[PDB]
Amino acid sequence: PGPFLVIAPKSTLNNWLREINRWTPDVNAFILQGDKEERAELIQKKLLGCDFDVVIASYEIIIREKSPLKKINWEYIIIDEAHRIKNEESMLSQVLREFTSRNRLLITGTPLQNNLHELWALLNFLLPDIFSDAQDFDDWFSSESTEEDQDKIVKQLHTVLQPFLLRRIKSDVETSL
DNA sequence: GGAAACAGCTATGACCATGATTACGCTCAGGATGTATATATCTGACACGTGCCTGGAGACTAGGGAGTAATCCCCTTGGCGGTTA
């Protein structure tokens with residue numbers, strides 16, 4: 001049981017704290033909310049005191065709290081609704097390539113929205129030392145064969161990501177019928 | 001019957017109210033003053049003719065400024081979300 005970092009949109013920080021209490025009450029988590037002073041007593045007392053397991057913050061708070069969070073090495077950076085990361089220049093991306101966690105569990109509700117460029121934008125922060133490349137990934141696959149429309153080289157895209165990534169749909173396993 | 005005590009009357013002073021007087025201002029007076037006005041007469045400067053000539057106005061060629069098309073890509077724009085001073 002160690003240091004954990006999870007991120008939720010402002011509207012959703014209640015739910016994750018609510019569900020963690022309902023299901024596994026043994027984990028120390030905070031909703032890191034409040035004012036500049038009201039975030040401080042969280043910083044020095046509990047966050048600096050290493051008196052927690054997970055920390056629930058918002059999109060901007062981590063940017064507001066980048067410096068007091070670097071000094072704590074993490075286990076995962078749990079990223080719900082990972083849509084702000086679609087842009088590499090979205091400032092949240094440059095604040096997350098700076099933290100040092102052993103694993104980096106990105107989470108989403110919907111997959112990539114528009115482009116292959118976007119796909120490895122999610123993918124490049126997953127295993128950065130492996131790719132370390134931006135346009136190399138792109139012209140390697142050449143955008144679903146945008147010129148020849150072979151639509152068979154897409155199988156190579158699928159074959160790497162199938163044992164590297166997991167999709168399930170509601171229609172298959174209803175759970176709601 | 002005498003003495004004290006109080007009450008009412010009287011007078012006088014004080015204070016307020018009214019009348020007059022005066023002084024000052026101003027607004028009429030009236031004088032002083034300076035300004036407009038008109039006129040008749042100089043006069044110098046502005047306007048106009050004359051002559052002349054050289055810039056202005058065509059007349060002509062030639063070569064690149066300006067003008068357009070096509071292209072693109074970067075940027076401004078706007079609404080929001082969430083903070084905070």
# chains A, B, ... in the order shown; residues from 1 in each chain; ligands from 1
$ closest_atom_pairs --of "chain A" --to "chain B" --cutoff "12 Å" --atoms "only C-alpha atoms (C1' of nucleotides)" --output "tab-separated table"
residue	atom	partner	partner_atom	distance
A:9	CA	B:81	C1'	10.6
A:10	CA	B:82	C1'	9.0
A:11	CA	B:81	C1'	11.2
A:33	CA	B:83	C1'	11.8
A:34	CA	B:83	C1'	10.4
A:35	CA	B:83	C1'	8.8
A:36	CA	B:84	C1'	9.0
A:37	CA	B:84	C1'	11.7
A:58	CA	B:82	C1'	10.3
A:59	CA	B:82	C1'	9.8
A:60	CA	B:82	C1'	8.1
A:61	CA	B:83	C1'	9.9
A:64	CA	B:83	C1'	10.1
$ residues_around --residues "residue 27 (chain A)" --least-positions-apart "6" --cutoff "12 Å" --atoms "only C-alpha atoms (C1' of nucleotides)" --output "ChimeraX atom specification"
/A:1-4,17,19-21,51-55
$ write_last_selection --atoms "N, CA, C and O atoms" --output "short mmCIF file (atom, residue, chain, number, x, y, z; two decimals), in the first residue's frame"
data_model
loop_
_atom_site.label_atom_id
_atom_site.label_comp_id
_atom_site.auth_asym_id
_atom_site.auth_seq_id
_atom_site.Cartn_x
_atom_site.Cartn_y
_atom_site.Cartn_z
N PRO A 1 0.84 -1.20 0.00
CA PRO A 1 0.00 0.00 0.00
C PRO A 1 0.87 1.24 0.00
O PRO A 1 1.49 1.58 1.02
N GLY A 2 0.94 1.94 -1.13
CA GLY A 2 1.88 3.02 -1.29
C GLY A 2 1.26 4.31 -1.78
O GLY A 2 0.06 4.54 -1.63
N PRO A 3 2.08 5.18 -2.36
CA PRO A 3 1.56 6.45 -2.90
C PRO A 3 0.90 6.24 -4.25
O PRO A 3 1.49 5.63 -5.15
N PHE A 4 -0.32 6.74 -4.40
CA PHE A 4 -1.05 6.62 -5.65
C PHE A 4 -1.61 7.97 -6.06
O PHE A 4 -1.94 8.80 -5.21
N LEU A 17 -14.01 8.97 -4.83
CA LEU A 17 -13.90 8.85 -3.38
C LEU A 17 -15.09 8.09 -2.80
O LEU A 17 -14.94 7.33 -1.84
N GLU A 19 -16.91 5.72 -4.29
CA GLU A 19 -16.86 4.30 -4.62
C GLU A 19 -15.70 3.59 -3.93
O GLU A 19 -15.80 2.39 -3.62
N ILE A 20 -14.60 4.29 -3.68
CA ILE A 20 -13.48 3.66 -2.98
C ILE A 20 -13.85 3.39 -1.53
O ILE A 20 -13.42 2.38 -0.94
N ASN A 21 -14.65 4.27 -0.92
CA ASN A 21 -15.12 4.04 0.45
C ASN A 21 -16.10 2.88 0.50
O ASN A 21 -16.07 2.06 1.42
N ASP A 51 0.84 10.24 4.66
CA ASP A 51 -0.22 9.65 5.46
C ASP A 51 -1.42 9.27 4.58
O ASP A 51 -2.57 9.50 4.94
N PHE A 52 -1.14 8.70 3.42
CA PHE A 52 -2.17 8.46 2.42
C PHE A 52 -1.73 7.32 1.52
O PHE A 52 -0.56 6.94 1.49
N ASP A 53 -2.69 6.80 0.76
CA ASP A 53 -2.40 5.84 -0.29
C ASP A 53 -2.67 6.42 -1.67
O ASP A 53 -1.79 6.40 -2.53
N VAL A 54 -3.87 6.95 -1.88
CA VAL A 54 -4.24 7.55 -3.15
C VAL A 54 -4.59 9.01 -2.88
O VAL A 54 -4.85 9.40 -1.74
N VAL A 55 -4.53 9.82 -3.92
CA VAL A 55 -4.91 11.22 -3.84
C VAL A 55 -5.76 11.54 -5.06
O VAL A 55 -5.36 11.26 -6.19
#
$ residues_around --residues "residue 137 (chain A)" --least-positions-apart "6" --cutoff "9 Å" --atoms "only C-alpha atoms (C1' of nucleotides)" --output "PyMOL selection string"
chain A and resi 117+120+131
$ residues_around --residues "residue 154 (chain A)" --least-positions-apart "2" --cutoff "12 Å" --atoms "only C-alpha atoms (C1' of nucleotides)" --output "list in words"
residues 116, 140, 141, 142, 143, 144, 145, 146, 149, 150, 151, 152, 156, 157, 158, 159, 160 and 161 of chain A
$ write_last_selection --atoms "N, CA and C atoms" --output "PDB file, in the first residue's frame"
ATOM      1  N   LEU A 116      -4.795   9.377 -36.097  1.00  0.00           N
ATOM      2  CA  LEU A 116      -3.664   8.545 -35.694  1.00  0.00           C
ATOM      3  C   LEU A 116      -2.621   9.339 -34.930  1.00  0.00           C
ATOM      4  N   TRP A 140       5.306   5.582 -40.398  1.00  0.00           N
ATOM      5  CA  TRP A 140       5.471   4.134 -40.366  1.00  0.00           C
ATOM      6  C   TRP A 140       4.174   3.424 -40.730  1.00  0.00           C
ATOM      7  N   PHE A 141       3.041   3.919 -40.229  1.00  0.00           N
ATOM      8  CA  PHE A 141       1.742   3.356 -40.570  1.00  0.00           C
ATOM      9  C   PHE A 141       1.047   4.103 -41.699  1.00  0.00           C
ATOM     10  N   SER A 142       1.407   5.366 -41.927  1.00  0.00           N
ATOM     11  CA  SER A 142       0.967   6.134 -43.095  1.00  0.00           C
ATOM     12  C   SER A 142      -0.542   6.365 -43.115  1.00  0.00           C
ATOM     13  N   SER A 143      -1.159   6.496 -41.938  1.00  0.00           N
ATOM     14  CA  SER A 143      -2.539   6.974 -41.807  1.00  0.00           C
ATOM     15  C   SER A 143      -3.522   6.084 -42.577  1.00  0.00           C
ATOM     16  N   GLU A 144      -3.652   4.848 -42.081  1.00  0.00           N
ATOM     17  CA  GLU A 144      -4.616   3.852 -42.575  1.00  0.00           C
ATOM     18  C   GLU A 144      -4.506   3.667 -44.086  1.00  0.00           C
ATOM     19  N   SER A 145      -3.291   3.820 -44.608  1.00  0.00           N
ATOM     20  CA  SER A 145      -3.046   3.832 -46.045  1.00  0.00           C
ATOM     21  C   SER A 145      -3.924   4.886 -46.720  1.00  0.00           C
ATOM     22  N   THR A 146      -3.678   6.142 -46.342  1.00  0.00           N
ATOM     23  CA  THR A 146      -4.475   7.253 -46.850  1.00  0.00           C
ATOM     24  C   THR A 146      -4.366   7.406 -48.362  1.00  0.00           C
ATOM     25  N   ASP A 149      -5.307   3.081 -49.721  1.00  0.00           N
ATOM     26  CA  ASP A 149      -6.509   2.519 -49.097  1.00  0.00           C
ATOM     27  C   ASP A 149      -6.479   0.997 -49.127  1.00  0.00           C
ATOM     28  N   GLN A 150      -5.308   0.436 -48.819  1.00  0.00           N
ATOM     29  CA  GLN A 150      -5.185  -1.014 -48.712  1.00  0.00           C
ATOM     30  C   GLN A 150      -6.088  -1.552 -47.615  1.00  0.00           C
ATOM     31  N   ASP A 151      -6.171  -0.836 -46.493  1.00  0.00           N
ATOM     32  CA  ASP A 151      -6.974  -1.224 -45.338  1.00  0.00           C
ATOM     33  C   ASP A 151      -6.573  -2.597 -44.806  1.00  0.00           C
ATOM     34  N   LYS A 152      -5.393  -3.072 -45.204  1.00  0.00           N
ATOM     35  CA  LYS A 152      -4.816  -4.310 -44.703  1.00  0.00           C
ATOM     36  C   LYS A 152      -3.607  -4.075 -43.818  1.00  0.00           C
ATOM     37  N   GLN A 156      -1.770  -4.628 -38.998  1.00  0.00           N
ATOM     38  CA  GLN A 156      -0.545  -4.462 -38.220  1.00  0.00           C
ATOM     39  C   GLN A 156      -0.772  -3.518 -37.047  1.00  0.00           C
ATOM     40  N   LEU A 157      -1.501  -2.427 -37.281  1.00  0.00           N
ATOM     41  CA  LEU A 157      -1.902  -1.557 -36.182  1.00  0.00           C
ATOM     42  C   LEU A 157      -2.706  -2.331 -35.148  1.00  0.00           C
ATOM     43  N   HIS A 158      -3.650  -3.155 -35.605  1.00  0.00           N
ATOM     44  CA  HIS A 158      -4.507  -3.874 -34.672  1.00  0.00           C
ATOM     45  C   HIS A 158      -3.728  -4.940 -33.912  1.00  0.00           C
ATOM     46  N   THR A 159      -2.777  -5.589 -34.584  1.00  0.00           N
ATOM     47  CA  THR A 159      -2.093  -6.740 -34.005  1.00  0.00           C
ATOM     48  C   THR A 159      -1.151  -6.332 -32.879  1.00  0.00           C
ATOM     49  N   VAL A 160      -0.550  -5.144 -32.969  1.00  0.00           N
ATOM     50  CA  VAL A 160       0.285  -4.663 -31.871  1.00  0.00           C
ATOM     51  C   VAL A 160      -0.576  -4.281 -30.674  1.00  0.00           C
ATOM     52  N   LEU A 161      -1.684  -3.587 -30.922  1.00  0.00           N
ATOM     53  CA  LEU A 161      -2.491  -3.016 -29.852  1.00  0.00           C
ATOM     54  C   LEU A 161      -3.431  -4.015 -29.195  1.00  0.00           C
TER      55      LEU A 161
END
